[PDB]
Amino acid sequence: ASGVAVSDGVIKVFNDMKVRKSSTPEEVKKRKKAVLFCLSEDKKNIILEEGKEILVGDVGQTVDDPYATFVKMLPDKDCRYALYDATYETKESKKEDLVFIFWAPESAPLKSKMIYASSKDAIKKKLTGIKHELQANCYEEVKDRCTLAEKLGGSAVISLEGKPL
Amino acid sequence: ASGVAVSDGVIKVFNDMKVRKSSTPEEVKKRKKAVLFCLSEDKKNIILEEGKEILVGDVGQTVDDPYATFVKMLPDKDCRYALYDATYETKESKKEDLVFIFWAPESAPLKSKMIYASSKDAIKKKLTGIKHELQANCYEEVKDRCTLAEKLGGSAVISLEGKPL
Amino acid sequence: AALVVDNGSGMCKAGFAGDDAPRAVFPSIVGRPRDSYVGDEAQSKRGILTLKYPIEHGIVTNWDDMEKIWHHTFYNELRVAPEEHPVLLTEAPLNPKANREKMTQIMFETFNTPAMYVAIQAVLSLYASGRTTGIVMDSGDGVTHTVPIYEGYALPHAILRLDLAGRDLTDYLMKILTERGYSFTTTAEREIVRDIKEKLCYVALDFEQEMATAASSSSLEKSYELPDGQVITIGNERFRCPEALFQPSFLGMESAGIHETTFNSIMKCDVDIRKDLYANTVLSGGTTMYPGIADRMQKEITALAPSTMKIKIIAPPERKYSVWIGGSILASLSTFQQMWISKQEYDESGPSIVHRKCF
Amino acid sequence: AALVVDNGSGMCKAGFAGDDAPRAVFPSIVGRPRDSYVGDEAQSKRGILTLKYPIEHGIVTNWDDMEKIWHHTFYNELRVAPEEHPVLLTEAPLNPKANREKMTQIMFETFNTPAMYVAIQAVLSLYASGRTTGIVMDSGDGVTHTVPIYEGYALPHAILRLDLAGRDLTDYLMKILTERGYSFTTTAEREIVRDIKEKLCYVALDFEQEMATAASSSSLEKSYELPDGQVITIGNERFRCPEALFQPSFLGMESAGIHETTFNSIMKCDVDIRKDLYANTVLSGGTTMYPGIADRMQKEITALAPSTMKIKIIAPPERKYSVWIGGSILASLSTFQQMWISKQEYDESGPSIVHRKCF
Amino acid sequence: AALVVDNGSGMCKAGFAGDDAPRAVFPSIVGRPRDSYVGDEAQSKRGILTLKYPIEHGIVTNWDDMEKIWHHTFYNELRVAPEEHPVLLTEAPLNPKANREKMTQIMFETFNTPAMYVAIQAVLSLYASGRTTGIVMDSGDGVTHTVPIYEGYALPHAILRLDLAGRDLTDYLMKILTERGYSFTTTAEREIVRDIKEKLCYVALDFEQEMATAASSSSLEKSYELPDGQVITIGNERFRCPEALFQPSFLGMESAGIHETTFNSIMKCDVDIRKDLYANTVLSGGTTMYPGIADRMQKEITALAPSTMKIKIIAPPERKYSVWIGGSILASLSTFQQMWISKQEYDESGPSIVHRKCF
Ligand SMILES: Nc1ncnc2c1ncn2[C@@H]1O[C@H](COP(=O)(O)OP(=O)(O)O)[C@@H](O)[C@H]1O
Ligand SMILES: Nc1ncnc2c1ncn2[C@@H]1O[C@H](COP(=O)(O)OP(=O)(O)O)[C@@H](O)[C@H]1O
Ligand SMILES: Nc1ncnc2c1ncn2[C@@H]1O[C@H](COP(=O)(O)OP(=O)(O)O)[C@@H](O)[C@H]1O
Ligand SMILES: [Mg+2]
Ligand SMILES: [Mg+2]
Ligand SMILES: [Mg+2]
């Protein structure tokens with residue numbers, strides 16, 4: 001418990017991402033498919049990383065595989081919090097669930113890893129309703145699509161983002 | 001199942017106690033109100049304990065409460081089988097039923113408790129027609145008239161041996 | 001010392017002539033493994049065995065199981081030898097003549113009773129109320145009968161039989177108690193529900209008004225303690241269970257209620273005697289012991305009968321065992337000793353003697 | 001875009017009208033520390049908290065916990081606002097009329113749903129099979145129901161409820177797996193055993209013949225891999241666990257099997273319609289997904305029914321979610337939009353509107 | 001002269017029928033180098049080998065090691081030839097029928113016993129207390145069982161098994177003694193800790209009140225002398241080690257305590273017999289020998305059971321070996337000689353003879 005708080009911008013973004021409201025298709029394209037959270041300059045709040053996000057409307061036009069490009073947004077030598085809206089299909093249902101991803105690469109500095117790890121249990125308690133968590137400590141543990149599928153439903157998952165595994 | 005058999009004397013006594021035959025009042029006074037059964041010296045048969053019985057003719061002349069004096073016949077540190085002819089009255093009937101009583105006090109030696117308990121299901125099978133069974137393991141569980149009344153008909157019993165509870 | 005045995009559909013009442021109450025009242029069931037248990041012994045094993053009713057609807061259907069009940073009655077319940085006491089038997093209305101002879105044959109050949117007699121259950125109930133003319137609404141365990149009687153003789157063409165009695169009400173109470181979250185399914189739990197029914201159920205004078213009262217307060221709720229100490233609460237089920245007597249549609253039955261069955265049997269009699277039957281309606285049986293059943297029957301029959309008719313429902317306080325009590329008093333009379341069918345008479349006329357000696 | 005919620009005894013099926021499969025299928029439990037967790041969150045904590053079933057046997061007993069499940073359904077599982085979508089709810093057979101009004105009141109006042117509807121689970125399963133007359137054997141998680149339906153209306157007097165379903169089979173499989181040396185006692189290990197049951201268990205056509213086969217060879221043995229990598233072997237337990245459905249005595253229950261319960265409910269219907277019910281027996285629920293259960297039910301019912309009756313057991317391949325799939329198609333029809341209970345209608349008639357709009 | 005062998009989970013009790021106490025009590029362990037040592041021999045070499053429990057949880061899992069224990073029992077402990085004496089074996093509750101036949105086959109073919117018999121451990125404990133109906137809380141070394149018995153027959157559907165017994169308490173005392181600076185890790189030091197547990201541990205009536213008492217003074221501290229002469233002091237660990245029986249969360253277990261397990265097994269029985277089970281709770285096994293365990297169990301069960309039930313915990317002073325003493329008296333009876341399974345009978349009916357002769 002490092003005492004790092006969660007900014008109101010992150011809470012507002014998460015609430016918009018969780019519950020889908022009836023809106024025009026123009027507003028549906030503005031929904032966030034993925035988003036990254038980072039520490040502030042003073043390291044006192046968890047804030048939104050500007051420009052590091054994926055919109056639903058971008059999927060299928062500029063983005064082919066939303067998960068592949070989301071991984072590219074993860075810094076190589078820095079820790080980050082991620083919120084991915086995973087669309088997958090099991091053997092008897094088509095699911096759409098939010099995934100909380102803790103990106104703590106080994107190449108990251110020790111100061112970044114300590115603060116992010118010690119404040120992870122505080123931000124996740126504010127983001128109520130998330131049932132999937134992915135802790136990745138290297139690029140090989142997050143770049144593979146089957147790694148996310150195993151965390152979602154194990155071997156029951158037969159498709160991810162509309163593409164078979 | 002200890003293999004202990006039931007002597008023909010016990011079977012004859014039980015048969016006389018169960019079915020009442022038309023007899024002169026002199027023979028009615030010779031009917032058994034209560035009787036105790038014990039193991040033989042060789043512990044191979046269940047026999048009648050000589051002298052430990054209550055006659056119907058003794059009730060009202062020498063015996064005031066047939067149940068109170070029957071309990072006094074139970075040994076303090078020994079197990080015993082008992083056959084009590086309970087006369088009780090419910091809210092809508094006057095009943096006369098045989099009660100099989102297993103007396104196994106905690107103060108009895110373990111050898112007596114083990115043999116009597118393991119051979120109880122064998123003697124009770126020979127005494128067909130008994131619908132009430134009282135298992136008493138201490139003096140407090142058999143000396144109370146209300147304990148027998150609860151086993152007979154629960155709260156429906158309003159009188160026992162001609163005396164209200 | 002004569003024996004009086006009331007062979008009811010679900011309960012057997014037995015005792016000695018001259019006593020105020022029967023000595024033994026046990027279920028008339030024979031249990032065999034899913035080797036033969038009769039009465040309370042069959043219910044003590046609970047679910048290991050299957051239960052059969054030989055006299056399920058007042059009429060004996062299995063005579064082999066009936067002898068087991070009679071043998072259990074004499075030796076285990078009454079604890080007497082049947083060959084030393086005359087036995088007075090009771091029969092349901094509309095009992096076939098073959099069953100009367102079969103009952104007589106069993107008593108004299110299997111049990112060797114010195115004397116024997118058969119009486120109609122409805123007639124004994126009417127006599128016990130001090131009447132020779134009237135209609136008896138006998139609601140027992142497995143069957144309900146409305147028997148109009150004129151001058152001590154039942155009118156067979158007007159007798160109506162209803163297969164709706166306390167046995168169906170016990171099952172209905174189990175079904176509606178599950179709506180409160182309780183679960184009574186086993187044989188042991190059925191006896192608990194029957195105890196609840198006999199202690200907390202009552203007939204509502206106005207069912208719809210009573211339903212609104214129970215839904216607006218908790219003054220009609222009662223607490224019952226289970227044998228293991230748990231306490232359950234019963235509310236509107238107290239008057240909903242006996243309401244199936246007047247509204248058989250609650251059980252999915254197309255038949256009419258006990259009030260309409262009584263009215264229909266009266267209308268099947270002669271017009272000149274219907275006035276007497278309206279004012280001499282006598283209730284009998286255990287299923288008629290719900291508080292408020294006489295007032296409800298009076299109100300329901302009044303709405304059916306013409307307004308000029310005087311409706312009087314007779315509910316004696318001891319109507320639960322009026323069949324047995326009437327038989328016990330009759331069999332204890334010194335003048336009744338010449339009404340018995342002796343073994344000597346049976347040896348000459350055979351089982352057919354019962355038709356001319358007991359009608 | 002309407003919402004279809006199937007409130008099962010142990011699992012809640014939710015989704016959007018028009019979809020082939022429910023979007024969310026989660027356990028219907030509420031967990032509190034030994035401060036409130038619903039669904040998979042209650043199972044993720046495992047043993048720290050205690051689990052309660054508010055709809056344990058198809059009938060909602062705790063309405064406070066039921067609202068928590070509904071709130072978790074709309075916001076966490078379906079991820080939609082309930083005030084923007086009409087919601088179609090399903091109810092168990094023999095659901096009391098008070099519960100229907102309570103369901104309607106909660107939807108309109110707590111969640112402010114624009115429209116609302118109630119459907120019977122058994123009727124939706126029968127319609128999904130292309131039938132309006134027949135008997136549905138719905139075996140779910142906490143309860144098993146045999147619901148005979150005639151022309152789209154369930155016969156309440158013939159509906160039989162059995163407290164024996166997949167929840168009891170999961171516990172029984174845990175008990176009999178300890179005979180092989182394994183130990184499954186914790187909440188986490190119970191979910192492992194449930195996965196084993198849903199993947200390796202099957203119903204044997206002849207139980208005694210199958211037991212001899214498993215005791216003479218190893219062709220019936222299957223291997224299962226635990227989450228931690230350990231591999232266990234299960235032999236005759238594959239067909240012994242679902243055998244408790246047909247032999248409830250394996251669980252210490254006195255009740256009859258699902259085959260006798262189905263036969264008993266048919267025998268409680270009108271004699272003229274029993275022939276149609278014999279040939280229109282439809283299976284529904286997750287507990288009917290065992291391979292070989294349709295053939296076993298056909299063999300068992302045939303031995304009970306008269307030889308002149310044609311016994312046909314219908315086991316559609318999608319019978320696991322037939323209640324939800326039928327509700328989703330019904331709610332997605334443009335002609336069904338007039339059948340919803342609008343909020344305007346609720347404001348005028350109150351919660352009692354559900355009785356005349358949804359029957 | 002018959003032989004009585006009590007095959008416990010962690011300790012084997014053996015002796016001759018008619019004796020008051022078993023002749024040999026040795027651990028039921030088979031050890032192999034990290035070539036085969038059984039009993040105290042396996043513990044004498046300490047750490048050079050690895051120890052295995054073939055009957056770890058009352059149910060035999062390794063029959064090859066079980067025969068080694070039996071061979072060590074007859075020849076090294078009892079010092080008799082098994083072919084000259086009948087042997088009475090005891091089995092844990094819920095023992096599979098396959099294990100009973102395997103026990104019979106080994107006794108007659110490997111040891112050539114002239115006669116052989118199987119008895120249930122829980123039933124022998126109940127009989128030794130002079131009861132035929134009751135619930136036995138048998139807490140041994142590797143397993144704890146609550147076995148409700150009605151008229152001498154255990155109810156298998158209500159038997160609950162708890163994997164928490166003296167073996168876990170010895171390990172827990174080993175763990176909590178390190179908080180005082182002591183170090184017990186080796187196999188030899190484990191036996192020292194077990195001796196401390198059997199001599200200085202007791203069950204506190206109020207755990208929280210006792211903890212405050214131990215933290216404010218030193219009246220609860222006791223001194224123990226190690227085999228090498230060193231003296232250690234144990235304070236609050238005396239009542240914390242057996243407290244894990246009532247609070248399994250001390251060991252990281254999600255299971256309920258022995259008081260709740262006893263209550264849960266009673267509630268799985270018929271409602272009509274729960275009153276008898278409450279007043280006939282009998283303690284058995286070595287783990288029930290802690291002073292104050294009967295009073296604590298009485299207090300804990302009373303808080304769970306309804307206030308109208310009479311809770312009586314029976315803790316005979318000789319309950320540690322009540323299974324063996326009950327078997328020795330039964331096997332020494334002259335009337336019991338016809339209950340034995342003779343070798344002649346085994347040669348005709350095979351190993352299946354045990355099912356109809358020993359139930
Ligand atoms: N006080 C009571 N209130 C309501 N029902 C009762 C009462 N006493 C008995 N019953 C019911 O009466 C039924 C049997 O009564 P009875 O007429 O003696 O049976 P039978 O049909 O054998 O004559 C039982 O099913 C029981 O439920
Ligand atoms: N393939 C399968 N084979 C056997 N049992 C299954 C299968 N799938 C699900 N089940 C069982 O079905 C039960 C619940 O199914 P469902 O009918 O949805 O319950 P409910 O209707 O009560 O919510 C679960 O306990 C599960 O064990
Ligand atoms: N006096 C005692 N106080 C507390 N625990 C004891 C005592 N005597 C033995 N034990 C414990 O009982 C356990 C084994 O007892 P027992 O019931 O004979 O085992 P099993 O029946 O499983 O072979 C041992 O682990 C030992 O720690
Ligand atoms: Mg009658
Ligand atoms: Mg369902
Ligand atoms: Mg033991």
Side-chain angles (χ1 to χ4, degrees), chain A residues 91-92, chain C residues 5-13 22 25 28 55 57-58 90-93 120-122 124-125 136 138-145 147 165-166 284-288 319-324 326-327, chain D residues 5-14 22 25-29 53 55-59 69 90-93 120-122 124-125 136-145 147 165-173 190-191 193-203 238 241-242 245 283-293 317 319-324 326-327:
Chain A
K91 310 190 118 63
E92 57 190 20
Chain C
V5 183
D6 182 16
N7 310 288
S9 48
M11 290 283 254
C12 180
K13 275 77 61 184
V25 183
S28 58
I55 192 176
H57 295 300
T90 71
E91 60 164 3
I120 301 186
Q121 294 158 0
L124 292 171
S125 285
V136 174
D138 201 309
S139 196
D141 190 65
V143 71
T144 299
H145 279 112
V147 187
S284 182
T287 320
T288 68
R319 66 192 176 276
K320 183 179 181 181
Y321 297 137
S322 60
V323 173
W324 187 94
Chain D
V5 183
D6 183 16
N7 309 279
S9 48
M11 300 283 286
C12 179
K13 275 77 61 184
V25 186
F26 62 98
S28 58
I29 57 178
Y53 288 88
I55 192 176
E56 190 170 355
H57 295 302
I59 304 305
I69 293 186
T90 71
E91 59 163 3
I120 302 186
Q121 293 158 359
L124 291 171
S125 285
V136 175
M137 212 276 297
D138 199 326
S139 196
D141 191 65
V143 71
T144 299
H145 279 112
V147 187
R167 187 181 306 150
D168 310 78
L169 300 184
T170 300
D171 297 333
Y172 183 57
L173 187 57
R190 173 176 218 273
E191 290 305 282
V193 171
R194 185 179 54 85
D195 191 68
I196 299 171
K197 184 194 63 175
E198 299 173 10
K199 290 185 181 307
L200 301 177
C201 286
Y202 69 98
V203 177
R238 297 177 60 206
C241 161
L245 289 170
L283 303 188
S284 182
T287 321
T288 67
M289 294 301 303
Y290 296 103
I293 194 178
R319 66 193 176 276
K320 181 179 182 180
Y321 296 139
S322 59
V323 173
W324 186 94

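Below, read A as the first sequence line, B as the second, and so on, with proteins coming before strands; counting in each chain starts at 1. The figures that follow rest on heavy atoms only: side chains count, while hydrogens, waters and symmetry mates do not. Both ligands and their constituent atoms are indexed starting at 1 by order of listing.
A cation-pi arrangement, defined by a distance under 6.0 Å to the six-membered ring centre and an angle within 45 degrees of its axis, is present between D:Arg167 and D:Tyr53.
Taking each of D:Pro22, D:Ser9, D:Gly8, D:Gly58 in turn, the one with a heavy atom nearest to atom 22 (O) of ligand 2 proves to be D:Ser9. The option with the heavy atom closest to atom 3 (N) of ligand 2, from among D:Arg167, D:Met11, D:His57, D:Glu198, is D:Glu198.
Closest approach of D:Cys241 and D:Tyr172 over heavy atoms only: CA-CD2, 3.8 Å. Across all their heavy atoms, D:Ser284 and D:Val136 have their closest contact at CB-CG1, 4.1 Å.
Assignment of D:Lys199 to the shell around ligand 2 is not supported, since no heavy atom sits closer than 4.0 Å.
Listed by atom number, the atoms of ligand 2 under 4.0 Å from D:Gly285 heavy atoms are 17 (O). Residue D:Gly10 approaches ligand 2 through these ligand atoms, each under 4.0 Å from one of its heavy atoms: 22 (O), 23 (O). Against a heavy-atom cut-off of under 4.0 Å, D:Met289 is close to the following atoms of ligand 2: 1 (N), 2 (C), 3 (N). Contact atoms of ligand 2 toward D:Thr287: 12 (O) (distance under 4.0 Å to a heavy atom of the residue).
With values rounded to the nearest 0.5 angstrom, C:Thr90 atom OG1 is found 4.0 Å from C:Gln121 atom CD. In this structure, D:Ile69 CD1 and D:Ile55 CD1 are separated by 7.5 Å, a value rounded to the nearest 0.5 Å. Taken from CG in C:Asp141 to CE in C:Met11, the straight-line distance is 7.5 Å, to the nearest 0.5 Å.
Without hydrogens or angle criteria, D:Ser125 side chain to D:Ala122 main chain gives no donor-acceptor distance under 3.5 Å. The closest donor-acceptor contact from the side chain of C:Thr287 to the backbone of C:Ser139 lies under 3.5 Å.
Looking at D:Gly286 next to ligand 2, an N or O pair under 3.5 Å apart turns up. Residue contacts with ligand 2: D:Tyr321 is placed with no nitrogen or oxygen under 3.5 Å of a nitrogen or oxygen of the ligand (distance criterion only). Polar contact with ligand 2: present for D:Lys320 (N/O pair, distance under 3.5 Å). In terms of N/O distances under 3.5 Å, ligand 2 is not approached by D:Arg194.
With a 4.5 Å cut-off on side-chain heavy atoms, D:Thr288 and D:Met137 count as touching.
At the shortest separation from atom 27 (O) of ligand 2 among protein heavy atoms lies D:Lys197 NZ, 2.5 Å. Nearest to atom 23 (O) of ligand 2 among the protein's heavy atoms is D:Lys13 NZ, 2.7 Å. Protein heavy atom at the shortest distance from atom 25 (O) of ligand 2 is D:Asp141 OD1, 2.3 Å.
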